[PDB]
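Enquirer: The structure that follows is given in the form of structure tokens.
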Amino acid sequence: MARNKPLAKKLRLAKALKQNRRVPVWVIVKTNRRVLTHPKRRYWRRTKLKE
Amino acid sequence: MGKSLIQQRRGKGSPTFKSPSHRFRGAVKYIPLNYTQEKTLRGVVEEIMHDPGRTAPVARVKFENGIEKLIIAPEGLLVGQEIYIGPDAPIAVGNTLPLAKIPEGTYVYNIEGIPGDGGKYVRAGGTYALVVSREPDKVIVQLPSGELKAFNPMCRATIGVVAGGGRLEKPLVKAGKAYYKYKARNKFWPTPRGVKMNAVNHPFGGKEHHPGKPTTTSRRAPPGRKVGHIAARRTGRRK
Amino acid sequence: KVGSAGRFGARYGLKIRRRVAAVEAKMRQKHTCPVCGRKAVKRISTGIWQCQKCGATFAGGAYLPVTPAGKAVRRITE
Amino acid sequence: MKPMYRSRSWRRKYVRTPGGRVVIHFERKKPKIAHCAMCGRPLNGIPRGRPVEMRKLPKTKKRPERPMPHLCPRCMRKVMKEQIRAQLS
Amino acid sequence: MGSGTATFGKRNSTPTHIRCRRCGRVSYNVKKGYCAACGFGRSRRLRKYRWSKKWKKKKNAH
RNA sequence: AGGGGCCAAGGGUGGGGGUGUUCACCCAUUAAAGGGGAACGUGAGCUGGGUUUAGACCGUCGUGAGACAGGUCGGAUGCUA
RNA sequence: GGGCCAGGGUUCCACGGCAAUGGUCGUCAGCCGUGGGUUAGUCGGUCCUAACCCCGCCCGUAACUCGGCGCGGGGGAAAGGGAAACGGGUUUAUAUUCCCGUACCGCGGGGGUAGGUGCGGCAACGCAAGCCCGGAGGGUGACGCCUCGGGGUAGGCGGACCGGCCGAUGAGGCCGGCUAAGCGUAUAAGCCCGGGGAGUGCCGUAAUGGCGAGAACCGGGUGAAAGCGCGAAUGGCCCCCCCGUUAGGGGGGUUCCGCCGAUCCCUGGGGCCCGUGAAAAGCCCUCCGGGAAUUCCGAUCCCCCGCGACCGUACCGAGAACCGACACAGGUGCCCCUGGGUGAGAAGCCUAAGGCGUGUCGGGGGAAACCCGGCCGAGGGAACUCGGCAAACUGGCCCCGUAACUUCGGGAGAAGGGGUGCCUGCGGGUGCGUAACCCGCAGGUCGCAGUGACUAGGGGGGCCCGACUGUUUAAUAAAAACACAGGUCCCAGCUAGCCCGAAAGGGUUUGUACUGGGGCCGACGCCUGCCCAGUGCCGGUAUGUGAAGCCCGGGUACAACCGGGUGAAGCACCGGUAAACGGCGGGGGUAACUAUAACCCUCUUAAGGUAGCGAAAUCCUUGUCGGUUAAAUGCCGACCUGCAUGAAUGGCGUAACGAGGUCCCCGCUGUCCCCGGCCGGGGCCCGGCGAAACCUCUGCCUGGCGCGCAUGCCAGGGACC
RNA sequence: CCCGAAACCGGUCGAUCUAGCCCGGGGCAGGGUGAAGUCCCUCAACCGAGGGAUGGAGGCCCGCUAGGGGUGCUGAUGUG
């Protein structure tokens with residue numbers, strides 16, 4: 001099917017997805033150069049996981 | 001030194017060496033809680049099936065107190081034969097009665113060794129025990145090996161012979177058909193020889209075909225060194 | 001000459017296939033029902049024989065309905 | 001559908017939509033013949049249907065009128081002869 | 001097994017190891033029902049050892 | 001037509017049959033079918049049959065593991081200067 | 001190419017871009033940025049239970065986060081078992097789920113009537129079920145193998161009609177013509193039932209075969225798929241003629257007849273067997289019926305009101321979303337395996353629906369050498385080489401014919417020889433009436449060649465080994481090795497033997513001598529001599545001997561201690577035992593004649609190599625002789641004195657069989673004499689892109705020397721980058 | 001002084017690789033040969049003889065079906 005996620009696993013996948021953003025520009029102003037790179041960036045292909 | 005051997009694996013009860021118990025069929029019980037004396041008990045052959053692991057045919061019997069149990073099938077049984085259990089069972093084939101109640105010089109199978117333990121003796125295809133002599137003290141019965149064991153006279157047994165004779169009369173034919181049989185039973189196979197097994201694998205025999213030390217082994221020999229002709233009294237076929 | 005031994009081909013050697021041809025041939029023979037007496041009994045399975053006419057199923061030898069050992073039991077008497 | 005292998009509960013009829021899409025459907029297996037069991041014969045006046053279908057179908061199909069619908073009339077043809085002999089003596 | 005490693009490796013596909021209900025590391029083996037890291041399923045206790053493993057992360061945390 | 005000796009390397013000094021064979025044995029030719037050296041010329045050229053891996057068999061030896069320049073089948077030949 | 005499981009995890013979808021990423025560019029994208037999307041009573045999860053697992057308890061263990069049994073409970077298949085649904089429409093992205101239509105599960109009401117808790121028919125049997133809590137029982141759920149036949153229809157194709165199109169001539173071709181799940185009403189070979197009553201005994205199936213425990217043969221009954229109608233004039237295809245920047249639309253007509261050929265799917269027989277081939281949830285029936293019944297009751301019959309706890313659904317699913325670090329020529333399950341032509345074909349080629357030209361770097365040199373794939377080579381026909389390795393040849397199909405050998409099964413598709421196209425006209429078979437195919441026959445006739453392509457065995461003989469099929473060093477050895485069927489020796493009476501375990505306990509064992517455990521040998525055919533001296537095993541042991549204990553004596557105020565008897569297994573000792581491990585010898589002398597020695601002496605150490613086979617998968621050695629080659633350290637046959645054979649540490653021999661070792665013959669052939677030319681991809685140049693191995697230095701050559709195998713020291717010579 | 005290896009041992013962690021064992025499922029174009037089994041005709045008193053059919057077995061053959069294996073080329077690659 002689907003497969004075939006468990007509800008929770010989708011919660012976890014969703015979280016990893018959240019971590020896989022790019023910071024916003026304004027924080028960056030607030031910082032005035034700065035913590036960047038966002039360090040977690042996870043690529044779907046590039047990386048695994050956990051499950 | 002070398003690994004545990006082929007026999008030592010067996011003893012673990014690990015699964016390559018574990019009998020299936022889920023494709024296999026019932027065991028014999030005669031049941032002594034309704035006793036032999038003050039009998040009450042006849043039954044009807046409900047069906048006859050082949051039991052895989054006995055390599056013999058077996059009977060389901062429907063008793064008239066309402067219990068269903070298997071009894072190892074006699075030759076020349078019909079489905080709808082009545083089998084009786086007790087001493088006041090008729091003296092005929094497939095009927096079960098105590099040894100004392102059974103005549104001398106009649107063929108008998110499924111003999112008890114402790115009264116009321118359900119048959120622990122003569123439960124193979126086509127082979128049969130002979131009642132040679134009977135005395136109220138002890139009844140001596142002659143076993144399939146030619147060898148006489150004394151049993152209590154209040155053991156149960158069934159009159160007749162087992163069914164499924166000729167069993168080794170027909171050959172096994174090929175390695176395929178044989179493979180098929182061993183799955184039906186349990187018997188570690190294909191089984192090779194120790195002689196071209198390496199010195200690690202097996203106590204006798206090296207790289208090439210020749211035995212190490214003598215094949216013939218002690219009766220006080222170690223576990224894992226008791227392979228070959230075990231405690232042989234003689235060997236060969238000559239003076 | 002060949003029996004049912006033709007299945008084997010070239011193979012198994014004389015004695016086994018000769019045995020096989022003989023044992024199967026007799027196995028094939030019409031056998032007299034112990035129940036009725038008409039020549040109905042055929043082999044369902046190993047050691048299991050059944051009479052088409054009466055429907056009786058009974059245990060017997062693997063190849064033949066009756067073995068020489070089975071025959072001995074009848075002779076001692078009830 | 002979700003079963004791919006042609007397993008037993010799986011088995012297939014071709015179905016047409018008019019769309020002309022032509023999609024595979026599973027079919028329920030076709031009926032095994034209930035027996036007398038007292039002597040093995042397929043029973044007259046005893047249905048065939050799928051074991052699910054019998055739930056939502058009628059009971060008339062599921063029996064004949066005579067006692068023990070499960071066995072054949074001739075096998076019952078034995079049984080009454082016995083029952084009376086039994087009341088008589 | 002030896003070489004031809006590419007030819008071989010179609011399993012791993014199946015998974016036998018996860019984020020654990022108890023610890024949260026990547027070792028709750030679905031098949032055994034055992035966490036390799038924490039020891040959940042196996043034991044009431046957390047896995048901890050003289051060598052250690054578990055301890056090392058904790059000290060490191062301090 | 002030889003035997004034996006001197007000068008002389010300019011040139012020539014082969015083809016096949018057995019053998020893993022350098023050697024050697026033989027055949028038919030040939031003028032003659034010479035010898036020796038070059039990492040016993042020549043594997044960042046080939047070939048890989050043999051010698052001396054790991055599989056196996058026989059003989060001998062050895063209690064046995066196991067061995068043999070005894071016999072024997074099979075057993076990879078990397079690199080963009 | 002289409003749909004999906006695992007697995008991945010936003011890769012999906014839109015908009016805006018290109019710094020990075022993509023084996024090159026990039027305006028594209030799977031990248032970057034920013035937003036958004038997976039909706040379920042009727043799909044599946046969830047339920048059941050399997051092989052099996054865990055927990056408590058009992059018990060073990062020093063003890064446990066350890067351990068096996070026995071109880072009791074609970075868990076275990078997103079391809080087992082199993083309640084119920086399809087079609088069409090719509091979205092940027094989702095949909096059997098949202099919408100529309102039609103259908104329906106479970107539970108819970110309500111209202112009627114069968115129902116004095118069912119009436120009516122001799123019977124084979126009729127439906128508008130059978131009041132009821134409870135537990136019981138019984139069928140069905142429910143299961144191994146492969147043919148053959150019977151049915152279903154997805155669907156391939158000719159003819160005819162209706163439109164669209166293409167179009168020398170206006171023909172022929174292409175194309176659209178569809179009907180769902182759910183219902184209602186019908187299924188019918190199996191399988192029962194009456195009548196009848198097996199005459200040389202009859203009859204049937206494709207077939208085996210049925211019958212007097214009911215034939216032949218007549219009427220019934222009875223249980224898969226299938227048809228029609230509802231569903232449905234719709235809807236969905238397909239056109240036509242008008243409205244136009246646009247939007248939103250409108251009116252129309254066709255939407256068809258047969259007959260014919262098929263995977264699968266479902267249903268009977270039948271063949272098989274030293275695999276005799278899980279459960280339960282649930283239904284359906286029945287037994288009893290706790291109670292309620294006549295003001296009654298009940299709702300399987302109708303019709304109708306209400307409701308649906310929870311998770312999942314995106315996309316990919318692959319020569320770029322998986323896994324291999326890589327978008328890797330790898331390799332991982334199913335389903336479409338019946339598209340057309342072909343032809344035995346799920347084959348090749350070509351071609352249709354469908355998909356793509358991102359198996360993601362381009363261009364140039366007619367492109368020389370060299371290298372990979374591949375094409376062709378006269379004459380000769382393996383002279384090459386360890387070796388015909390490689391390669392070639394044969395080739396499909398039909399007909400003829402077919403040896404040695406043999407386990408009579410096979411060898412065998414032996415071998416060898418002939419034929420095969422198109423056309424024109426016939427005949428046969430099956431059927432029904434000229435369909436759908438298939439099998440033959442005659443005539444005419446073209447090419448070099450008719451399996452013209454693609455597909456497509458070279459053959460023959462001796463020998464060695466191993467019976468075969470299988471397996472083997474996953475990844476330098478596929479073999480002769482291994483298994484193997486067959487044969488034999490051995491052990492055990494089940495409270496066993498053997499084996500596992502620290503222990504409790506456990507495997508075999510739902511097992512019981514036709515068992516089941518352990519070795520040896522390794523199909524068949526003929527056989528398997530001889531030895532128990534040595535080793536080993538086994539049985540036994542008066543006697544000697546043989547520990548600790550106890551006893552007695554001595555010693556010690558006790559004790560250590562010392563001595564003797566008593567001394568079990570064990571040893572010495574006796575017998576058996578080689579299909580247990582193993583062994584199985586030497587000299588001399590002698591026969592009409594030269595040869596040898598059938599012959600006769602002698603001694604070790606138990607016995608003295610027997611049936612066989614042998615210069616061997618035997619040193620010397622290329623023995624010798626013979627075959628075979630012109631010529632053969634080969635092979636083969638023979639002799640055989642075997643350096644250093646031999647009988648279940650199996651001997652010999654062997655049909656059939658082999659990606660096994662070796663040898664010969666015929667065909668054939670660029671392996672060779674002896675190489676050429678061609679073709680495509682590289683090479684080589686350009687443009688863009690862009691690494692590695694490794695790195696004291698460097699324009700030498702020759703000799704001498706030197707760690708004795710130098711560019712660099714020494715002496716000459718060559719020497720522009 | 002510093003570095004340097006093959007071990008050994010103790011407690012742990014793997015059968016998603018792979019080996020065998022078990023449950024429950026699935027896959028495998030087409031073609032050949034032709035056994036037992038069964039039947040008939042003609043010819044013979046019988047013994048049998050000749051012919052043809054039917055059936056359909058195989059650790060079976062052919063096969064680049066799918067799939068499994070991997071012999072030779074000691075070819076191609078051998079910083080793939």
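A Cβ is built for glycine as well, from the same backbone N, Cα and C atoms used for every other residue.
When I checked Swiss-Prot for this same protein, it listed these features:
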BINDING   E:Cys20, E:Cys23, E:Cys35, E:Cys38  Zn(2+) binding site
ZN_FING   E:20-38  zinc finger
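Looking at the shown structure, what environment does each listed feature sit in?
Expert: When secondary structure is read from DSSP and collapsed to three states, E:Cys23 (Zn(2+) binding site) falls in the coil class. Counting every protein chain shown, 18 other Cβ atoms lie within 10 Å of the Cβ of E:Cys23 (Zn(2+) binding site).
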Enquirer: Among the binding-site residues listed here, E:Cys35, E:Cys38, which has the most company in the form of other Cβ atoms within 10 Å of its Cβ?
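Expert: Comparing the binding-site residues E:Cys35, E:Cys38, the most crowded Cβ belongs to E:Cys35.
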Enquirer: If we skip the immediate neighbours and take only residues 6+ beyond the ends of the zinc finger (E:20-38), which ones have a Cβ under 8 Å from one of its Cβ atoms?
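Expert: Same-chain contacts beyond the flanks: 46-47, 53-54.
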Enquirer: For E:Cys20 (Zn(2+) binding site), which residues in the same chain are close in space, meaning a Cβ under 8 Å from its Cβ, but six or more apart along the sequence?
Expert: E:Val26, E:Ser27, E:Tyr28, E:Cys35, E:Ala37, E:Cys38, E:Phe40
Enquirer: Need the DSSP three-state call for E:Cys38 (Zn(2+) binding site) to compare against my parser.
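Expert: SS state of E:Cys38 (Zn(2+) binding site) = coil.
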